[PDB]
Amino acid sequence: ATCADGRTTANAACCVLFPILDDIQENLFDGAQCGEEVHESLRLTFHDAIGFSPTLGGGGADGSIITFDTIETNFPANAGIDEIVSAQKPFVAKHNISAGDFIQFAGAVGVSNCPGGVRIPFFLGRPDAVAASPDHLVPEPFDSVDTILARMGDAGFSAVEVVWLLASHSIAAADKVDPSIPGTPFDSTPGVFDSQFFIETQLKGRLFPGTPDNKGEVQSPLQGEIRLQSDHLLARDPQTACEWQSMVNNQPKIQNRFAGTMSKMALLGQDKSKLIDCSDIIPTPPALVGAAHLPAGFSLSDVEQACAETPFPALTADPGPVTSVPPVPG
C-alpha cells in the first residue's frame, strides 16, 4: 500500500501510523532520543499488558491504564506511572488509534531509537478497554522470585521469557525505589540497549547509592547505579540464572528474544489473527555502541557465579579507577 504522503506499508490500515510516528518522535521522544520518555513508555507497555490473567481477569494490552487511569494509577505497584500516562493521553485523544494500540506503538517506536535496539513487531486493531485491570497483577521488586515467576507464568510467560523481557532494564532507571536519587539507572548504559544490565547485576554488591532501607532494593556494585531486589534474585535463582548469564555479551540473542517476547506481551488479552500486521512501520534502530565489559576496577572474582551448568565468561574491565554512573536527565 501507498499512504497519503507516498510512504508505503504492506497493509493499508497501517497508514494511520505514519503521522503518529512523526508526532511522537518529535513531540514525545524529543527528536527520536533514547531517554526518559522512551524508557517510561517502555515501562508503560508492561504495566498495561500484565493486567491479564485467565482466571483473575483483566484485559491485558488494552489501554486500560490510560482509559481507567484514575483507578489504575492508584495501585501501589503503579507508583510513578502517572507521569507518562499524563504525557501520552493528549496523543491518544488527538490521533485515530485505540489507547491499547498507542501504548504498544509508542513502546516499539521508542525502543527503535536506542543504540543496540531491535524492531518489535507491531499489530493494529485492539478495541477500547472494557474495564480497569484488577489490582495485584503487576509484579513488585520486593515480591518473592517464585511469586514473580508464577505471576508472569499465569500471564503466559516462561521463566526464560521473564529474563528476556528484563532486557528492558538495560534502558531504565528508578525514581521511586529510592526517591533521594531519582533517575538512577539499572545499568551503566541506560541510553544503550546492551548486555551491561545482565553483567552488572551479577556482580557482588558493595553499597547503597542513596539511602539504606528502601523496600525492593538491595546493594548495588556501583555509585550511581541502583539494584532491584527482584533483579538481584533473578540473576541468582536456579530457574533463571543460567539464562540470565547467557545474555552476557550476546547482543543478537538479547535483540531477538526481546523482540519476540515483547510481541507476545503486546498481545496479552488479544488475538493476533484478529489484528493487522503493521511491523514495517517501526524504524531501523541505530547500531550498538560499546562492547561488553566489567566496570573499571572490577575483575572476574567480583562476579557471583550462579549458573550451575556454565562458568561466567571472562570479560575485560574498562581501564582506570572505579567511576560512578551519571543519572538519566529527567
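Note that residue numbering begins at 1 and tracks the sequence as displayed.
Inset, instruction - Select between 189 to 197 and 69 to 77 the stretch whose C-alpha atoms have the higher average B-factor in the entry. - result: Going by the record's values, the stretch with the higher mean is 69 to 77.
Inset, instruction - On mean C-alpha B-factor from the PDB entry, just flag whether 229 to 237 or 91 to 99 is the higher one. - result: Result of the comparison: 91 to 99.
Legend entry - Most elevated Cα B-factor in the entry, residues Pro209, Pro127, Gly183, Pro139: In the PDB entry, the greatest C-alpha B-factor among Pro209, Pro127, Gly183, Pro139 is found at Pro127.
Legend entry - Residue of maximum C-alpha B factor among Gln270, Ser279, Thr261, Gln305, per deposited coordinates: Highest CA B-factor of the listed options: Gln270.
Legend entry - Third assignment of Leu42 from its chain's C-alpha B-factors: According to the entry, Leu42 has a C-alpha B-factor in the chain's lowest third.
Legend entry - Ranked C-alpha temperature factor of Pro134 among modelled chain residues, by third: For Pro134, the deposited C-alpha B-factor lands in the highest third.
Inset, instruction - Compare the C-alpha B factor of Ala159 with those of the other modelled residues in its chain, then answer lowest, middle or highest third. - result: Lowest third, going by the recorded CA B-factors of the chain.
Inset, instruction - Taking the chain's C-alpha temperature factors as the reference, tell me which third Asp175 falls into: lowest, middle or highest. - result: It belongs to the middle third of the chain when residues are ordered by C-alpha B-factor.
Inset, instruction - Would you mind checking where the Cα B-factor of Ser168 ranks among the modelled residues of its chain, as the lowest, middle or highest third? - result: Its C-alpha B-factor, which the entry lists for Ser168, ranks in the lowest third among residues of this chain.
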